[PDB]
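Undergrad: Please read through the structure below; I'll follow up with questions.
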Amino acid sequence: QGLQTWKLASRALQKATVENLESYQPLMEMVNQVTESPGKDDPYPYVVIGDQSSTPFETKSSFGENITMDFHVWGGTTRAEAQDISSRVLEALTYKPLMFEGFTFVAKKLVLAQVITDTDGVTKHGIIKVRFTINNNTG
């Protein structure tokens, strides 16, 4: 009953994560574009959900006991807005706690995204990588 009882439930946490993104009223006034991949050519500031680089290779399965979700945000302004888009997406992510209908997973990962201003004239973008673990998933 507890072998690989996730599968569609783990990816449905991305739907529950999309439910904190749709339930969080301050984020929608900041983006016109919270979408699950389509709308990459839509107006700035805005966000698409997926993965970064050549992360899923041959299979799209994050080892065994893990659920993985990445968010890619292009605001395109200055240093304060990159912390506001990144803090607004994580503030949504724990605004309403992550549960799916009989299934619990906890956000347990170590990452960093740095906000910087360069002399060469670079854009401000936020790349967010989140992993949720079923190991001690109390719920």
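Those letters in the sequence shown? Residues -4 to -1, 2 to 134, 200 to 201, per PDB author numbering, in order. Built from N, CA and C at the ideal position, the CB exists for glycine as well.
#1: In this structure, does DSSP put residue 48 in helix, strand or coil?
#2: What does a CB cutoff of less than 8 Å around residue 78 pick up in its chain, not counting 5 residues either side in sequence?
#3: Give me whichever residues DSSP pairs with residue 68 in a beta bridge.
#4: Starting from residue 84 and walking both ways along the alpha helix (DSSP H), at which residues does that stretch end?
#5: Mark residue 66 as exposed unless 16 or more other C-beta atoms lie within 10 angstroms of its C-beta, in which case mark it buried.
#6: Using beta-carbon positions only, say whether residue 104 and residue 18 come within less than 8 Å of one another.
TA: In brief:
#1: Start at 1 with the first residue of the sequence shown, and residue 48 comes out as number 51. Residue 48: coil per DSSP, three-state reduction.
#2: Residue 78 sits at position 81 when you count from the first residue of the sequence shown. Result list for residue 78: 42, 72, 121, in chain order.
#3: Against the sequence shown, residue 68 aligns to sequence position 71. Beta-bridge pairing links residue 68 to 46, 125.
#4: In the sequence shown, residue 84 corresponds to position 87, counting from 1. 76 to 90 is the extent of the alpha helix (DSSP H) around residue 84.
#5: For this step, residue 66 is matched to residue 69 along the sequence shown. Result: buried.
#6: On the sequence shown, residue 104 is found 107 positions in, with the first residue counted as 1. On the sequence shown, residue 18 is found 21 positions in, with the first residue counted as 1. Result no, Cβ atoms of residue 104 and residue 18 do not sit closer than 8 Å.
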